[PDB]
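One structure is given below, encoded as structure tokens.
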Amino acid sequence: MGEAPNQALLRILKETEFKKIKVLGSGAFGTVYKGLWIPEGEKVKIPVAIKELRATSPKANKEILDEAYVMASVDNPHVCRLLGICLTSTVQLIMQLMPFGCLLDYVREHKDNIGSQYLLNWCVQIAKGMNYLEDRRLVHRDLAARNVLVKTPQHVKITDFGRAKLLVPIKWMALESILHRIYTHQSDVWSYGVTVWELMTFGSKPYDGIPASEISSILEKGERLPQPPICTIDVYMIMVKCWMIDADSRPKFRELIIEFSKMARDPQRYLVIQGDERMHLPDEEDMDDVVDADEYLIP
Ligand SMILES: C#Cc1c(-c2cnc3ccccc3c2)c2c(N)ncnc2n1[C@]12CC[C@](NC(=O)c3cncnc3)(CC1)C2
């Protein structure tokens, strides 16, 4: 016995059980649709996001089903679970609709109305989700602001298990990952560091202008990302601790939960943002029987 048996349920969804309403976005990753899932026996309507790829190949469906595996194996409030799969020629992955999109886009568009309370609560929530993945022996290998989804402004979740492994994004990776392809829970802490830096700069591109091949030399010299204008030394020290050369010297995710949650009790002591007190963030026939997927638990 090396590990415990994974007794997760892979739910297979009929094409008749759900309907694509519209396209949300297109990319290299694929095509994501907004939709409504209606389980046949129940009287519920569950808002969903359906992920297709751009052209069916065996290597594509291999990679889709590996994502499904990992995503069906997780259950935590700050981690995106897979609701099910649909067996089209190319496999479709179905999850919870996250109305406000990814956190990177959210901070760029809502830069002017994001308080210190929100930023620090997001740091806690991401640390909780990452700590859960560490408890499940899962290294994420691709934590970034683009792979955090926003259910509400008060509630974010980690996504993207396309690179997640059971124990390329050069500008989010630890030094040992770039040089030697070594990936641990502590290399995810580096990427957490860069993720926090993205949020505190309202979605700036890290090392903007510099090409990816020069990054390893930059980090070996001792250079790191700059202190964001809004950050106190207290917050920037946490980011700098995530980017230590010694991986064991970096914080644990459980420690990051503690540090940010202490800071979240008194947010204006740790982030300095102009006009912080003023900051506010938020079919008819469908709305009658709408249950959010987090309240629709497995029979
Ligand atoms: C990638 C994806 C994605 C996902 C998702 C992730 N992983 C998945 C894994 C398995 C199965 C399905 C998955 C679905 C997602 C979601 N569940 N709910 C809302 N949106 C989502 N997106 C986005 C697609 C376009 C989008 N656009 C904006 O955020 C935007 C742009 N411009 C102005 N405002 C907002 C960027 C990401 C929203």
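Residues in the structure tokens are numbered from 1 in each chain, the chains being A, B, ... in the order shown, and ligands are numbered from 1 in the order shown.
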
- request: Show me which residues sit within 9 Å of ligand 1 when counting only C-alpha atoms and all ligand atoms, and put them as a PyMOL selection string.
  value: chain A and resi 23-27+29-34+48-52+64+67-68+71+80-85+92-106+109+146-151+159-162

Got time to write the residues from that selection, C-alpha atoms, as a PDB file, in the first residue's frame?
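Wrote it out as selection-v8.pdb, contents follow:
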```
ATOM      1  CA  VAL A  23     -19.769  31.244 -25.607  1.00  0.00           C
ATOM      2  CA  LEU A  24     -17.882  32.812 -22.665  1.00  0.00           C
ATOM      3  CA  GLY A  25     -14.394  32.852 -24.203  1.00  0.00           C
ATOM      4  CA  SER A  26     -11.971  31.267 -26.670  1.00  0.00           C
ATOM      5  CA  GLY A  27      -8.217  30.551 -26.389  1.00  0.00           C
ATOM      6  CA  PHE A  29      -6.666  26.162 -23.862  1.00  0.00           C
ATOM      7  CA  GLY A  30     -10.004  25.666 -25.723  1.00  0.00           C
ATOM      8  CA  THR A  31     -13.559  27.114 -25.863  1.00  0.00           C
ATOM      9  CA  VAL A  32     -15.636  27.644 -22.659  1.00  0.00           C
ATOM     10  CA  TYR A  33     -19.459  27.975 -22.861  1.00  0.00           C
ATOM     11  CA  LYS A  34     -22.046  29.197 -20.336  1.00  0.00           C
ATOM     12  CA  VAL A  48     -22.512  25.381 -15.573  1.00  0.00           C
ATOM     13  CA  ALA A  49     -19.424  26.075 -17.652  1.00  0.00           C
ATOM     14  CA  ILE A  50     -18.650  23.579 -20.444  1.00  0.00           C
ATOM     15  CA  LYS A  51     -15.037  23.296 -21.772  1.00  0.00           C
ATOM     16  CA  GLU A  52     -14.384  22.093 -25.410  1.00  0.00           C
ATOM     17  CA  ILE A  64      -8.757  15.984 -21.250  1.00  0.00           C
ATOM     18  CA  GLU A  67      -7.655  16.774 -16.129  1.00  0.00           C
ATOM     19  CA  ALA A  68     -11.093  15.215 -15.377  1.00  0.00           C
ATOM     20  CA  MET A  71     -10.696  17.572 -10.889  1.00  0.00           C
ATOM     21  CA  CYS A  80     -13.025  23.853  -8.391  1.00  0.00           C
ATOM     22  CA  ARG A  81     -14.598  20.359  -8.544  1.00  0.00           C
ATOM     23  CA  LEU A  82     -15.632  18.616 -11.783  1.00  0.00           C
ATOM     24  CA  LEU A  83     -19.403  18.105 -11.966  1.00  0.00           C
ATOM     25  CA  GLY A  84     -19.057  15.606 -14.809  1.00  0.00           C
ATOM     26  CA  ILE A  85     -18.017  14.716 -18.361  1.00  0.00           C
ATOM     27  CA  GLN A  92     -16.422  17.977 -22.883  1.00  0.00           C
ATOM     28  CA  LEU A  93     -15.650  18.842 -19.236  1.00  0.00           C
ATOM     29  CA  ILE A  94     -18.500  20.361 -17.167  1.00  0.00           C
ATOM     30  CA  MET A  95     -18.054  22.431 -13.964  1.00  0.00           C
ATOM     31  CA  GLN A  96     -19.751  25.110 -11.834  1.00  0.00           C
ATOM     32  CA  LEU A  97     -20.399  28.469 -13.574  1.00  0.00           C
ATOM     33  CA  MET A  98     -18.187  31.181 -12.000  1.00  0.00           C
ATOM     34  CA  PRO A  99     -20.124  34.357 -13.139  1.00  0.00           C
ATOM     35  CA  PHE A 100     -17.292  36.875 -12.517  1.00  0.00           C
ATOM     36  CA  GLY A 101     -14.660  34.933 -14.541  1.00  0.00           C
ATOM     37  CA  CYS A 102     -10.980  34.574 -13.644  1.00  0.00           C
ATOM     38  CA  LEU A 103      -9.437  36.688 -10.909  1.00  0.00           C
ATOM     39  CA  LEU A 104      -6.779  38.268 -13.192  1.00  0.00           C
ATOM     40  CA  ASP A 105      -9.413  39.789 -15.507  1.00  0.00           C
ATOM     41  CA  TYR A 106     -11.482  40.839 -12.460  1.00  0.00           C
ATOM     42  CA  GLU A 109     -11.387  45.597 -14.906  1.00  0.00           C
ATOM     43  CA  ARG A 146      -5.423  33.450 -14.575  1.00  0.00           C
ATOM     44  CA  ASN A 147      -6.201  30.025 -12.934  1.00  0.00           C
ATOM     45  CA  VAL A 148      -8.237  31.392  -9.987  1.00  0.00           C
ATOM     46  CA  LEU A 149     -11.988  31.725 -10.724  1.00  0.00           C
ATOM     47  CA  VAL A 150     -14.399  34.113  -9.036  1.00  0.00           C
ATOM     48  CA  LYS A 151     -17.772  32.710  -7.825  1.00  0.00           C
ATOM     49  CA  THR A 159      -8.679  25.760 -11.154  1.00  0.00           C
ATOM     50  CA  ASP A 160      -6.527  24.213 -13.962  1.00  0.00           C
ATOM     51  CA  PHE A 161      -5.387  20.643 -13.169  1.00  0.00           C
ATOM     52  CA  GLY A 162      -3.923  20.161 -16.711  1.00  0.00           C
TER      53      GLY A 162
END
```

- request: Looking only at helix (DSSP H, G or I) from DSSP on the backbone, list the matching residues of segment 140-290 of chain A as an MDAnalysis selection string.
  value: chainID A and resid 145:147 170:172 175:180 185:200 212:221 233:242 247:249 253:265 267:269 286:289

task: Please provide as a VMD selection string all residues within 7 Å of segment 56-63 of chain A, with the sequence filter that same-chain residues fewer than 5 positions apart are discarded (counting only C-alpha atoms).
output: chain A and resid 89 to 91

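The nearest approach to residue 43 of chain A among the residues A:138, A:235, A:55, A:291, with only C-alpha atoms taken into account, belongs to A:291.
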
Who sits within 10 Å of residue 274 of chain A, only C-alpha atoms, same chain under 5 positions skipped, as JSON, numbers by chain: {"A": [112, 115, 230, 279]}

Take the residues just selected and output them with C-alpha atoms as a short mmCIF file (atom, residue, chain, number, x, y, z; two decimals), in the first residue's frame.
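Contents of result_33.cif, as written:
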```cif
data_model
loop_
_atom_site.label_atom_id
_atom_site.label_comp_id
_atom_site.auth_asym_id
_atom_site.auth_seq_id
_atom_site.Cartn_x
_atom_site.Cartn_y
_atom_site.Cartn_z
CA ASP A 112 -10.67 51.27 -9.07
CA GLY A 115 -10.38 47.29 -1.21
CA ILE A 230 0.11 49.54 -2.14
CA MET A 279 -14.89 50.57 -2.13
#
```

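Closest approach to residue 145 of chain A from the set A:215, A:179, A:114, A:199 is made by A:199, with distances taken over only C-alpha atoms.
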